[PDB]
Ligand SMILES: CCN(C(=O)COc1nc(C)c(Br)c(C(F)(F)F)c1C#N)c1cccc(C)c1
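Just one chain is shown here, as structure tokens, and it is the form solved without the ligand.
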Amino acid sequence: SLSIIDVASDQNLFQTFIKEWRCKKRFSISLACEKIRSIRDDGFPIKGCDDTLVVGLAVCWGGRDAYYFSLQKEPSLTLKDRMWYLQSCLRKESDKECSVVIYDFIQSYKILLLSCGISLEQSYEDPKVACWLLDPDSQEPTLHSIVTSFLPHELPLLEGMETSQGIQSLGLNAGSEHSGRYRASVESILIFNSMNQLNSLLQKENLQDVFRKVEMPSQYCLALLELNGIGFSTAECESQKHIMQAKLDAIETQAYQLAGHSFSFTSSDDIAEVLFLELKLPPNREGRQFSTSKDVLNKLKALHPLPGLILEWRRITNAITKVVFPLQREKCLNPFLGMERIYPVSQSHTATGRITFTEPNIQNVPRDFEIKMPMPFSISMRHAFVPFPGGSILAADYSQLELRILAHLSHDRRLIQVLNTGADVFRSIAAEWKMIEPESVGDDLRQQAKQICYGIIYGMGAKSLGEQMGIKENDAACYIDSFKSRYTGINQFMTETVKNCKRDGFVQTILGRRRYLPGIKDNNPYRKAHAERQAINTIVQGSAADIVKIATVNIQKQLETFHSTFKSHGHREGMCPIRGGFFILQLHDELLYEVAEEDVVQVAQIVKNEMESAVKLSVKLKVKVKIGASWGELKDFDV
């Protein structure tokens, strides 16, 4: 079976291992974390858990042999020289081509850099990203799930360890009451052989170029982002919280003085029984007596002031109960930079290809919205995200990215001609719908126009479009058919995509990633329409995500070949004025960068150029770089 070889305590064996490791061009290094249940002797401490330590590594390069490097203090080779050799063997020198294979690459990168002090810089392979690339809408892979599906022969090796069931590497988890050496070696072996199998399957499926050109470098950029962390104030959040609490108290007092009956706003039954039947306000067509949602109250805001007040109350509460407490609970002092930041946890296992943050979900911070205090106070929570002192947020978003991708994929000559020239379409359709002049639109009206346009692109209509359109169904359908007649490319693209998905069973992104939609053949009109809508949405959203990833990796390369300094806020922990192009957040269309006010004039170019040359499309890509002292007040930048 396994042939674990301890490289420590032997000198000739250590030198042989070093030379063979340097000769080999494909590693399978894996970490090994253990408990302190019996410091500075057994290993290196880990940030976030003081009860766990890192002991050693398991390196495999073929067969069932898993060499075990030891970082333990436990004498010809001391800790310093072993660390020196370990760092030297993990760096690219003289076009040395290597392919490191790590399970859960981001976590291992962070653990090695922050604790041990080693930043591996080579070509990475993760036997959990390729599995997603194969089937994008499966469960999050586990070591047991990978071994069962791709390396069944070594399946009996995974016996006695129940930690493989969870979504975490075998060596990193501190449970199972096993020695870290054995878990690390077994992991190493499995993630090498199964990764060989995955590479074979990827080459068969023609997805290896995407895997090694745009996916793993994107994971590296995400690791840098998670090391950086978005800044925080804790001085503006309290101000907004106090203002919102005062407004909530005012709303409650006004409701009490108006109706005179206890409400319990969170209780839908009480609201229905005191609003739909008590205080007039007849309900719509459809305990559980009447529906109380945003749409039903929006349809009768003007009839009575009370529904508007309760909608305002619910909207304000769904900013302190869901956006204020999560941020205030999750903060870090970050002594080096002298400010409180917040470090999210990314996830790239989404169905389309987008990246979502899950602790907290920073991509859902509420926008700016006015308020009345018996003039608007601008209580937006985005005002509390600030850069390091002497820094500026340098956001850079594509303008109409999905629309441009759709124009490129549809070959609509008229739409391409419209988009290539400098003009606007969403504002124009908003003004035409609201009869105001074309050069006049509100921000909420802009958002509503975006919703309407993307809905009619994705195939909605009939009664659904009417509620947001505020118009009858007949003229709405007339407008829909007229637009379909003057957007021939869009309808032809929809028909072609549906037919191709019917023929093949999968829709292919512009880069090559494909998603499987069996529901196309569901024989049920509702589910068939849902699957067609999924295909049409995916073929564009995945393309947008891939273009954003290409832009991210290109920007990272361009600002890493320049600006000689630490690559991230986590790299300076391994020890100078802060100067660089740090990457802090991605909003599915934007790349927030935390730039000091000395490289901005350069970075605002390097970003704006590199986002424009990411993919050669028929329609030119537009980038709107905006600079500001905070995520709330972002003013446009000339260049």
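Residues carry their position along the shown sequence, with the first being 1.
*Asks:* Unmodelled stretch from the deposited sequence between residue 443 and residue 444, which bin: none, 1 to 3, 4 to 9, 10 or more?
*Replies:* In the deposited sequence, nothing is left without coordinates between these two.
*Asks:* Residues with no coordinates between residue 374 and residue 375 in the deposited sequence, how many: none, 1 to 3, 4 to 9, or 10 or more?
*Replies:* Gap between residue 374 and residue 375: 10 or more unmodelled residues.
Beyond what is shown, the protein has a form solved in complex with the ligand; the following relates to that form.
*Asks:* 276, 211, 487, 566: which sits within 4.5 Å of the ligand in the deposited complex by any heavy atom?
*Replies:* Of the candidates 276, 211, 487, 566, 487 is the one lying within 4.5 Å of the ligand in the deposited complex.
*Asks:* Counting any non-hydrogen atom inside 4.5 Å, which residue from 319, 221, 441, 415 sits next to the ligand in the deposited complex?
*Replies:* Result of the distance check: 415.
*Asks:* Go through 150-158, 474-482, 173-181, 116-124 and give me the stretch that gets within 4.5 Å of the ligand in the deposited complex, heavy atoms only.
*Replies:* Contact-bearing stretch, as computed: 474-482.
*Asks:* Could you confirm whether residue 425 comes within 4.5 Å of the ligand in the deposited complex, counting heavy atoms only?
*Replies:* Flag for residue 425 set to yes.
*Asks:* Just checking whether residue 504 would be counted as a contact of the ligand in the deposited complex - the rule being heavy atoms within 4.5 angstroms.
*Replies:* No.
*Asks:* Does the 4.5 Å heavy atom contact test between residue 445 and the ligand in the deposited complex come out positive?
*Replies:* Flag for residue 445 set to no.
*Asks:* Just to confirm, residue 432 within 4.5 Å of the ligand in the deposited complex by heavy atoms?
*Replies:* Within the cut-off, so yes.
*Asks:* Judged by heavy atom distances of 4.5 Å or less, which residues of 448-474 approach the ligand in the deposited complex?
*Replies:* 452, 453, 456, 457, 469 sit within 4.5 Å of the partner.
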